[PDB]
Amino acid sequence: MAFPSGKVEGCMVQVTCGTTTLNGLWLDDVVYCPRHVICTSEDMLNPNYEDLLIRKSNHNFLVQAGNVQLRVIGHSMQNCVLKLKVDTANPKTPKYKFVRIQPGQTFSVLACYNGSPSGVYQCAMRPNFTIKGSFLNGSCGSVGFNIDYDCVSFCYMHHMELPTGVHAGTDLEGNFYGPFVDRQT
């Protein structure tokens, strides 16, 4: 059994940088997404993220909530997450907190594609910090959460599928669960 997803659906956006696109989480006036978005196809194998960050300006990020483009007015990098400051606060921001979970704990995942919610299901973090999720291409940036009364606890942001078909990602401060790095190897 997963938690009802309504409170999280209203926070999902699409983030595009050049030709690279994925999902972002829009809370108050900040959009959180995997920093992998600043890679072109050539960069994805061995990215130098500090150097790519320097090359990008605010107007190189295209953030879309449905059909509405949001203006990016600042950007910063925190571990493996990018934080995009936008000029509009999300009117559907629920009460929320960020938390880091442990192996054995379960959470709900809202799988999204190109900024649009697609399905909801429950996962468990395995002892080696991977999860056996149900994720296809385009799902990078999908989030996992629990509901604690009126409060949404965001605990997981999806980054990558590993060669054996399990999945790996970060907490909402950009720190990986497990000994992984955000590169296409």
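All residue numbers are counted from 1 along the displayed sequence.
When 43-51 is weighed against 137-145, 43-51 comes out higher, by mean CA B-factor as recorded in the entry. According to the PDB record, 96-104 carries the higher mean C-alpha B-factor of the two stretches 76-84 and 96-104.
Residues shown: 155, 63, 125, 27. Highest C-alpha temperature factor in the entry: 125.
The deposited CA B-factor of residue 151 belongs to the highest third of values across its chain.
The PDB entry assigns residue 181 a C-alpha temperature factor belonging to the highest third of its chain's modelled residues. Per-chain ranking of the deposited C-alpha B factor places residue 20 in the middle third. Among the modelled residues of its chain, residue 173 has a C-alpha B-factor that falls in the highest third according to the deposited record. The deposited CA B-factor of residue 166 belongs to the middle third of values across its chain.
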